[PDB]
Amino acid sequence: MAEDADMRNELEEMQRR
Amino acid sequence: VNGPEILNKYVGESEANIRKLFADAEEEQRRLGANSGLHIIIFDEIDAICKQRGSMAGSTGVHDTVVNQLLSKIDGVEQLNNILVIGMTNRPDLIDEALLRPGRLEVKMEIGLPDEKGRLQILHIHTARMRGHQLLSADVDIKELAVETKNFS
Amino acid sequence: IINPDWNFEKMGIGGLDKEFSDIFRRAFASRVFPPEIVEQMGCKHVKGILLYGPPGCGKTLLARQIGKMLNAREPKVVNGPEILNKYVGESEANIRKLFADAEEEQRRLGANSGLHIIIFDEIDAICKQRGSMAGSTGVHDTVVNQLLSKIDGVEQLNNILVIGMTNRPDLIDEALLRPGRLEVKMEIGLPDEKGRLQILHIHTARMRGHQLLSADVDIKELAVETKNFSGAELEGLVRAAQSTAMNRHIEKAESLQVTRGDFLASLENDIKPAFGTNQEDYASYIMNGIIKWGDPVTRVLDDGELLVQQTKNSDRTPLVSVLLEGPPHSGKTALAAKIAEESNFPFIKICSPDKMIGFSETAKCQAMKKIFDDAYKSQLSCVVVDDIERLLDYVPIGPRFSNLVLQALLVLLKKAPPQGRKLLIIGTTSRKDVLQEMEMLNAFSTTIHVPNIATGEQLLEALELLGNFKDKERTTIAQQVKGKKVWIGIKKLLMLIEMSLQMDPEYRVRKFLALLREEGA
Amino acid sequence: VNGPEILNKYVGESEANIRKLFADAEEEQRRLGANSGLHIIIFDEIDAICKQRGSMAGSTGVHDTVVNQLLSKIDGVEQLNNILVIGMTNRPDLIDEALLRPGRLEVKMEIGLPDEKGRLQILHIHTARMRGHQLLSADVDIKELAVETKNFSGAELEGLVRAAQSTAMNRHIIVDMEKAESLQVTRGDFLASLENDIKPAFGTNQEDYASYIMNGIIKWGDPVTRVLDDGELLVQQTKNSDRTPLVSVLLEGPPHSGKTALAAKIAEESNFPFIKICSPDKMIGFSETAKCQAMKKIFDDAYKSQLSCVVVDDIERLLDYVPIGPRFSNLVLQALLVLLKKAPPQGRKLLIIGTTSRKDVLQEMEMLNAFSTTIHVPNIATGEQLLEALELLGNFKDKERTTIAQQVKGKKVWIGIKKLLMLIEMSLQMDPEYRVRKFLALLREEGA
Ligand SMILES: Nc1ncnc2c1ncn2[C@@H]1O[C@H](COP(=O)(O)OP(=O)(O)OP(=O)(O)O)[C@@H](O)[C@H]1O
Ligand SMILES: Nc1ncnc2c1ncn2[C@@H]1O[C@H](COP(=O)(O)OP(=O)(O)OP(=O)(O)O)[C@@H](O)[C@H]1O
Ligand SMILES: Nc1ncnc2c1ncn2[C@@H]1O[C@H](COP(=O)(O)OP(=O)(O)OP(=O)(O)O)[C@@H](O)[C@H]1O
C-alpha cells in the first residue's frame, strides 16, 4: 500500500420548511 | 488510547480525535490553573501513531500531521502544566527526538529481562495470592525455580 | 499617545540578545515611532516573522512571550493544524475566520488600530510546496492558496504580524517566504556558552532569590560542562536536579524539612544524553583505553592534537581531512576517538557502519548527510568515519561497492561549511591502496600510517603495562621473542592473552607462544 | 475573490456563489445592452480553483468541476459584453486551456523579473516620499544599488528599503521604559548597503562565492593572466555573435588547482544577468534521475533570460566516476551532453563551462569533442614562481623566503595551490624554527 488518501464529502440538505 | 483509534479516512478528523483527548484538560487548566488535578494520557503504541516526520518512511512519514499536532499541542503556546502522558513502545528508535526531547517526554526508560531477584519477586507475587489460602505449601522451591529459569519474561 | 508595550524588562530569554534586537527593530520599530514621520516616510509595516531552527531551542517561547506579554492584544493561535476539516471549504474558511476580526477593524479604523497577532505553529504541516503535495493535485493546496491571497492580499490590510515556526524550513514555499508575506527568516540555534549561562541564570534566579540553592554551585562550571545543550535540555537538567533533591528529602511518609539543591550537574549529566556530544560514546570503542607502548602512539596522537589546534587557530583551511591507515587489527578507531576526546571540540558524532545495518545506500548516505548537516550548525566540530571499507560496501572479489555513498562521502570531504565554522573529518581504513585506485585519497588532506607492533621489546613492555603475565614466566617469552620479528596488532594480541589465559597455568605460556607462531610465522 | 473563497460544502453553493458575481453584470446587459458600468472581477490565486478537469487525485470530489460552470457562464450561450475579468497566478501551467483560448481570456502575459534599469524606477518610486520630506541623504546612489542588485525583484527590492528605515530608526529609538526618543532628524545613509549584504536573501542565490573562493585569487604569474584573457576573449563570443548563441568551455588541469574557483571569477567578471554554479555539493544522495532533473531545471530557467552563463564543477564527481573498473551513471551524461549542443531558442545566449581533473576519461566519453574548446591550467613548476606566490600570500618572512630560495631553483616543482595552502599551514603551526623545515620536508615527498 504505502497509501494515504484523505478525502472530503458534501451535504444533502434536509427540507425543514 | 489503544494503538490508533484515531486514524480516519477523512481529513482532519484524525487531528480532531487527537485534540479531543487534551481539550478535557485544557478547560480545567484555564478555569483552575494552579491547583488542578492531573489528566494522565496513556498511549499503548506510540510508534504507530507517530513515526519520524522528516520526509522518511515514504512521503512525509505516514500522516505525520498527527505528530505535528501532538508536539504542537503538549509543548505549545499554552503552558498546560497539568498532564503527563504515558507512552510505551517495543520499537523505540522510530520516534522523533523532537518529541522525545526534554519537556514533551523527558524520561525514556528501558525495562529489561530481569535478574534473579526480580524473577523471584514476580513469582512471589503471583504465588502469594494462592499460598495465603494455603492451597500449595508443597515442597516447591522458589529459589530453584528462579535459578532454573534463566531469561524468562 | 498609543504605545502597545508598557513593560518588558527582560522576558524568559537568554542568548538571543542579537536576534531579539534584529526582530525588534524590524517589526516593532515601525509600530513604535511617531506616526507623523512614518507617514512622511510612506512605508508599509513589515509583517510575517518566521522562526526556523532545531527542536528545544526556545522559539515558541519567544513567540508566546512577545505576543501575550509584550503588546496589548489576545493572539489567535492555531496549534499545528486546527484548521483542517472533513468538509470542503470550511477548512479554508477557518483561515478567514482568523483574519475577519482584523480586516473590518482596519477598514473602519483606518491606519491607527489595535494590533492583531497570529501565531502559527508547525506551519510546515498545513503548508508545503505545490505540485509535490500529497500526490499530483494535493489535498493541502487550497488552504495555502487562500493564505497567500490574504496576507499580501488586495485589501492591503496593514495591521497584522504572522509568526510562523518550523523545524523544516526548506519545505516552506518561497512564494510565502518572499518579503511582506514572511519577511524575516531567522535562525535560532545551539547557544554559545555566555548565552548558555544566561539560561541558567534565568532558571535559577527564582531559586536564588530564595536561599534554597547552595553556595557550592558556580554556573560557569556548568557552562563549561554542558557544551551544546539546547536549553530545553538544560531546564530538564535543572528540573531533575530539583527532583533528586526532593527524593533525597523523602506508605509515602514524606518527612517535612527544608531542602537545598547541590551537585546537580555532576550527578545527572551522566544520566541525560543530548543533541550534541556524549561522554559515553567513547567507552564503546575504547573499552581498554589507550596504553602507550612506544613513540608511535606519541607521534600519532600528537599529530592529531597538532592538527586540531591547527583547525581551531587558523583560517583559510575551514575544513581539514585526515585518514588513519593501519594494517588490520591495529587500532585505528581508538586513536581516532581519543584524538577528539582530547581535542575538546564541542560536537562529535562518529559515523560508523555498526549503527547502520541492512541499509540501502540511499538511506545510508542520507544518514551521513544528516550527521554533517547537524555538524554544520555548530561553530566547530570533529567527525569520525570508521571502517570506511565496510561503510561503503566493499569486497575484492569481482570488486563491488556502492557508488552513491562513495561520491556523497568524498564530496563532503571536499565540501566547505558556511564561513567562520571549522571542522575536521577523520577517517579510518585498514587499506589505502584501493582508495588510491578510486582517487579519493587525494581528497584527504593528510594521512597517518599507524604502525603495528614490530618488536618483542615493545610487546614485553606492553605486557609490563597490562600486568597479566608476571616476570617469572615472562623470562621465557623474552628468550622466545629476542632476535625475532613480530607483525601482530594489539587488538589481536588482546584476544591471544585471554585465549591462553583460560588454560591451566603450566601450559599457559606455551600455548600463548605456540599460538603467536601462527601470525608472526 | 480570493481563490478558494468560492468553495463551500453544499453541492450547489460553489457555483451559486459565482452566479452572484455575474448576475449584476448580465442584468444590466439585458436592461442596457450597449453599455454598462463595466463590472469587473478579480480572481486571485486562480490556479487552485481552476485546474484541468480530469485530475481528481487527492480531491475525491466533483467540485474540481466548478470550472465547467465558470467558462460555460463567461462566453456561455449568452455573450456578456462590458465585463472585464483578470486572473492572477504563480503557477501558469495547470489551467485548463479551454479558458486560455482567446475570448475567454485573451492574454497569457508573463511578468518576469525586473530589468536592471527598470529596477531604478522601482526604487525611486518608493524613495520619492522619503526624499521629498528630506529623510534621504544625497550620498546614497540608487544606481550604485541598482547595479549591485542582481536578481532583486519587487518585494525583495523593497525589503532592503523597509529594513533600512528600520535600522535607521533603531539608533534613535534607544530596560523597563524602552523609551522612544524625540529626535526626528535622521536618514538611512549607506545602511542600505549593509542590509543588502546581510538581511534579505535574494531568493535566487548566487551571492555566495565564498565557499568556492576562500582566498580570492592570488595572481601568481603569466599563466593565470593567459587563462583569464582567453576566457574573457571567449565570453565576447556570445555577446557579439548570434550564430554561436551557445559556447562551451572546458577547464582542464590537474587536481588541486582551483579551476572551479577561477571559473567563478570569470563568471563574476562577465557580469551576466543570470549566472550559476551547478554543484554536486548541493545535490547529495540524489539518484541519477533527480540529478538529471535538477540540471534540467537549471538550464530551463537559464533559457528564460536573454542570456546566461553556467558552470559545471567536478563533472567526474557529478556524473559519478570511479575507476576501479569503469563505473558511472549514464543518464546524467546523456543529459549533459545533449544540453551542451542544445541551442537556446532564438539567440538567447548561453555560455557553459565545465571543469575536470581528468580529460583522459572524457575523450572516450566524447564530451570535450562536444565542448567548443578547452584551456589548460598549468600549475606551479618552479621555486621562483612559488616564491612570488607565497610572498603575495605572506606568511613567510624574508629570512624564510631566502631560506627556501637557496635550494628550490636547483629542483623542479610540480605543485598546486589547493595543496600548497594546507602545506604552508600545517608546517606553519609548528614552532618557528621548525616551521620552514617541516614545509620543506613535506614538499620533498609531495612534489616528487
Ligand atoms: N532562552 C531559552 N532558550 C531555549 N529554551 C528555553 C529558553 N528559556 C526557556 N526555554 C525552554 O525551552 C523549551 C522549549 O522551547 P519552546 O517552548 O520554544 O519549544 P521548542 O522546543 O523550541 O519547539 P521545537 O521543538 O518545535 O523547536 C521551553 O518549553 C522552555 O521551557
Ligand atoms: N593505544 C592503543 N592503540 C590502538 N588500539 C588500542 C590501544 N589501546 C587499546 N586498544 C584496543 O584496540 C582496539 C581497536 O579496535 P578497532 O576499533 O580498531 O577495530 P579495528 O582494528 O578498526 O577493526 P579492523 O581490524 O577490522 O579495522 C580497541 O578494542 C582497544 O581496546
Ligand atoms: N590563480 C589561481 N587559480 C586557481 N585557484 C586559485 C588561484 N589563486 C588562488 N586560488 C585558490 O584555489 C582555491 C580553490 O581550490 P579548489 O579546491 O577549487 O581546487 P579544485 O581543483 O576544485 O580541487 P578538486 O580538484 O579537489 O576539486 C581557492 O581557495 C583559491 O583561493
# chains A, B, ... in the order shown; residues from 1 in each chain; ligands from 1
>>> interface_residues(of="chain C", to="chain A", cutoff="10 Å", atoms="only C-alpha atoms", output="PyMOL selection string")
chain C and resi 85-89+134-135+138-139
>>> residues_near_ligand(ligand="ligand 2", cutoff="6 Å", atoms="only C-alpha atoms and all ligand atoms", output="PDB file with C-alpha atoms, in the first residue's frame")
ATOM      1  CA  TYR C 285      35.082   1.983  21.020  1.00  0.00           C
ATOM      2  CA  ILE C 286      37.869   2.321  23.565  1.00  0.00           C
ATOM      3  CA  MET C 287      36.998  -0.234  26.207  1.00  0.00           C
ATOM      4  CA  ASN C 288      40.586  -0.684  27.351  1.00  0.00           C
ATOM      5  CA  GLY C 289      41.722   2.878  26.921  1.00  0.00           C
ATOM      6  CA  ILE C 290      44.902   3.630  25.049  1.00  0.00           C
ATOM      7  CA  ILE C 291      48.038   2.152  26.531  1.00  0.00           C
ATOM      8  CA  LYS C 292      51.258   3.772  25.399  1.00  0.00           C
ATOM      9  CA  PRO C 328      44.167  -4.791  10.210  1.00  0.00           C
ATOM     10  CA  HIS C 329      43.783  -5.300  13.928  1.00  0.00           C
ATOM     11  CA  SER C 330      45.925  -2.230  14.580  1.00  0.00           C
ATOM     12  CA  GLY C 331      43.615   0.047  16.414  1.00  0.00           C
ATOM     13  CA  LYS C 332      42.515   2.865  14.189  1.00  0.00           C
ATOM     14  CA  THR C 333      39.292   3.840  15.915  1.00  0.00           C
ATOM     15  CA  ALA C 334      40.732   4.055  19.387  1.00  0.00           C
ATOM     16  CA  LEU C 335      43.199   6.657  18.234  1.00  0.00           C
ATOM     17  CA  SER C 430      42.905  -0.853   7.001  1.00  0.00           C
ATOM     18  CA  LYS C 491      43.523  -5.957  19.069  1.00  0.00           C
TER      19      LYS C 491
END
>>> residues_around(residues="residue 113 in chain B", least_positions_apart="3", cutoff="8 Å", atoms="only C-alpha atoms", output="JSON, numbers by chain")
{"B": [151, 152, 153]}
>>> residues_around(residues="range 224-231 of chain D", least_positions_apart="3", cutoff="8 Å", atoms="only C-alpha atoms", output="PDB file with C-alpha atoms, in the first residue's frame")
ATOM      1  CA  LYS D 219      47.838  36.359  -9.177  1.00  0.00           C
ATOM      2  CA  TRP D 220      50.929  34.207  -9.298  1.00  0.00           C
ATOM      3  CA  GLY D 221      52.297  34.635 -12.800  1.00  0.00           C
ATOM      4  CA  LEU D 234      35.783  33.863 -25.297  1.00  0.00           C
ATOM      5  CA  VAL D 235      32.923  35.410 -23.339  1.00  0.00           C
ATOM      6  CA  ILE D 266      35.481  34.704 -14.755  1.00  0.00           C
ATOM      7  CA  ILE D 375      42.010  25.617 -21.928  1.00  0.00           C
ATOM      8  CA  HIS D 376      44.738  24.230 -19.750  1.00  0.00           C
ATOM      9  CA  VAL D 377      45.527  25.288 -16.216  1.00  0.00           C
TER      10      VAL D 377
END
>>> residues_around(residues="residue 64 in chain B", least_positions_apart="6", cutoff="9 Å", atoms="only C-alpha atoms", output="PyMOL selection string")
(chain B and resi 49-54) or (chain C and resi 125)
>>> residues_near_ligand(ligand="ligand 1", cutoff="6 Å", atoms="only C-alpha atoms and all ligand atoms", output="PyMOL selection string")
(chain B and resi 98) or (chain C and resi 12-14+54-61+199+230-232)
>>> residues_near_ligand(ligand="ligand 3", cutoff="7 Å", atoms="only C-alpha atoms and all ligand atoms", output="PyMOL selection string")
(chain C and resi 414+443) or (chain D and resi 212-220+224+255-262+314+357+417-418)
>>> select_by_dssp(residues="range 70-128 of chain B", states="alpha helix (DSSP H)", output="tab-separated table (two decimals) with C-alpha atoms, in the first residue's frame")
chain	number	residue	atom	x	y	z
B	70	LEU	CA	0.65	16.49	19.07
B	71	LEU	CA	4.02	18.08	19.67
B	72	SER	CA	2.40	21.41	18.94
B	73	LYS	CA	-0.27	20.66	21.48
B	74	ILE	CA	1.57	19.44	24.55
B	97	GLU	CA	13.80	13.20	19.09
B	98	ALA	CA	11.73	16.35	18.64
B	99	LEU	CA	9.03	14.60	20.61
B	100	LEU	CA	11.33	12.76	22.97
B	116	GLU	CA	17.26	-13.44	39.54
B	117	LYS	CA	15.97	-11.11	42.26
B	118	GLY	CA	13.25	-9.64	40.09
B	119	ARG	CA	12.34	-13.02	38.70
B	120	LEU	CA	11.95	-14.10	42.32
B	121	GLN	CA	9.78	-11.17	43.37
B	122	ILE	CA	7.44	-11.59	40.43
B	123	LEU	CA	6.93	-15.26	41.23
B	124	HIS	CA	6.36	-14.49	44.88
B	125	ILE	CA	3.71	-12.01	43.77
B	126	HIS	CA	1.83	-14.40	41.55
B	127	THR	CA	2.08	-17.11	44.23
B	128	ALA	CA	1.20	-15.16	47.36
>>> atom_distance(atom1="CA of residue 420 in chain C", atom2="CA of residue 192 in chain C")
14.3 Å
>>> interface_residues(of="chain B", to="chain C", cutoff="12 Å", atoms="only C-alpha atoms", output="number ranges by chain")
B: 8-20, 53-79, 93, 96-109
